[PDB]
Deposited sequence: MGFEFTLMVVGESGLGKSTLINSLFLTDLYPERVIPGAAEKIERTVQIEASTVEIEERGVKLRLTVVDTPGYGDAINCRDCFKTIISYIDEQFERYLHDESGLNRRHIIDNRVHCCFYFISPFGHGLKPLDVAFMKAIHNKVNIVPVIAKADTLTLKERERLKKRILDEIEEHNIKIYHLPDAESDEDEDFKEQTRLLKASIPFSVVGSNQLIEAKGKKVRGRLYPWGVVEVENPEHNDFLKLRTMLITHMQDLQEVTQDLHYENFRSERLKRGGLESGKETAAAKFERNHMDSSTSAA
């Protein structure tokens, strides 16, 4: 059982990347609302389950003009899963128990700005003590190598000077070394096949998803497969126990 949360501005290719990680179309009938409906659109929660994986999406995030309670619907869901597990752990049927606690949250940073918006800082500072945050740079094929390194160094500095507790990798040797150096991962996703390979077609060249010299798709996928046991371990031993002690304040 693993639970992956997806948070980010609409239109960042989050659905495409998720369908690219496992080659599973999870949004066959999803409809995108018009710009008039996004004005007052609220944040909703959709959970898709495939096989022991659950992808928790948060459609509506950032679409509203006035983020009234943009984080509240997400924060309360994370706390709800901690509360349900808490009351099931304290129950008498601990044998048959479902662990829906969010083990990892992919947050999609826009590549079209200079760094990260205040919305990114507020959201991460709101959940970094509750979920393992893995920042990702959406639509990496819009950044040159020079532009890509400028954005990664800026995001990491802003993370440090805002004290963002993102998920950290632990300490074969070349795998861990190159994986840590590419954080934050700048990924490219695709459902198209193009002399045939998965990627995106432009008049001036073809981007390859599984090409590490083009984007960090393979690194993100490799990091998730290898650190999947550690992600849920930090969730159970750190984020859940902090919620449990904070719950006992009242």
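Residues of the deposited sequence missing from the coordinate set occupy positions 1-3, 55-62, 183-190, 214-217, 274-299.
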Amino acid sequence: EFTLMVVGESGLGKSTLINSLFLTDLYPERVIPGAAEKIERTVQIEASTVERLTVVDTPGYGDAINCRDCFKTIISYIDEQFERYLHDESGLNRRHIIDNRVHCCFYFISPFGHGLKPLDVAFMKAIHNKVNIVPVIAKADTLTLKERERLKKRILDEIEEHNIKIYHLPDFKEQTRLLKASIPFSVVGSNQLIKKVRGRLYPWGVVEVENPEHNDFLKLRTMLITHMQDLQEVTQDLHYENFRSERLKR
From here on, numbers count along this sequence of modelled residues.
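Judged by the one-third criterion across other entries of this protein, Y202, modelled here, is also modelled in every one of those that cover both its neighbours. Of the other structures of this protein that model both sides of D171, a third or more give it no coordinates. Here the stretch with the larger average CA B-factor, out of 185-193 and 24-32, is 24-32. Two stretches are in play, 70-78 and 135-143, and the higher mean C-alpha B-factor belongs to 70-78. Remark: of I109, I159, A126, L169, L169 shows the highest value [criterion: C-alpha B-factor in the PDB entry]. Across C104, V121, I97, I155, the greatest Cα temperature factor reported in the deposited entry is at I97. In this PDB entry, the Cα temperature factor of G115 sits in the middle third of its chain's modelled residues. Per-chain ranking of the deposited C-alpha B factor places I225 in the highest third. Ranked against the other modelled residues of its chain, the C-alpha B-factor of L248 as given in the entry falls in the highest third. Among the modelled residues of the chain, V206 sits in the middle third by CA temperature factor in this PDB entry. Compared with the other modelled residues of the chain, the Cα B-factor recorded for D88 ranks in the highest third.
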